[PDB]
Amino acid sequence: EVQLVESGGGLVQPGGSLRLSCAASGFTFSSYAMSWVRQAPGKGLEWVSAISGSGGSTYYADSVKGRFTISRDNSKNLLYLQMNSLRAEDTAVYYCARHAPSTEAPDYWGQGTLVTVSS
């Protein structure tokens, strides 16, 4: 029913930039806050960024400030993460997640896409 499918990941050189999409379906997208979560190799899950349903409020992890931009198209039902000034420590699998309005707990997940930052 509910589906999130990510794409736009892959290989990129340091200093390079890259844009991830998370295509949503099966729910009314604009009613839900969305987020990006990453997992560095052999690490735990870490929050990257988050946007409210209407797009008017966002959170950024301190580690990506000034480089990453979250956004969404509430008519194309897509969530984006524009990633600039990339470096090796940004190498991770990136997940988009949908959040229940009641609790803001994540209740649906994308399949993940690897971003590899290497010369």
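Throughout, we count residues from 1 along the sequence that is shown.
For the pair 99-107 and 20-28, the record assigns the higher mean C-alpha temperature factor to 99-107. Per-stretch averaging of Cα B factors for 69-77 and 83-91 places 83-91 on top. Highest CA B-factor among the listed residues (40, 33, 64, 37): 64.
Per-chain ranking of the deposited C-alpha B factor places residue 4 in the middle third. Ranked by C-alpha B-factor against the other modelled residues of its chain, residue 48 falls in the lowest third.
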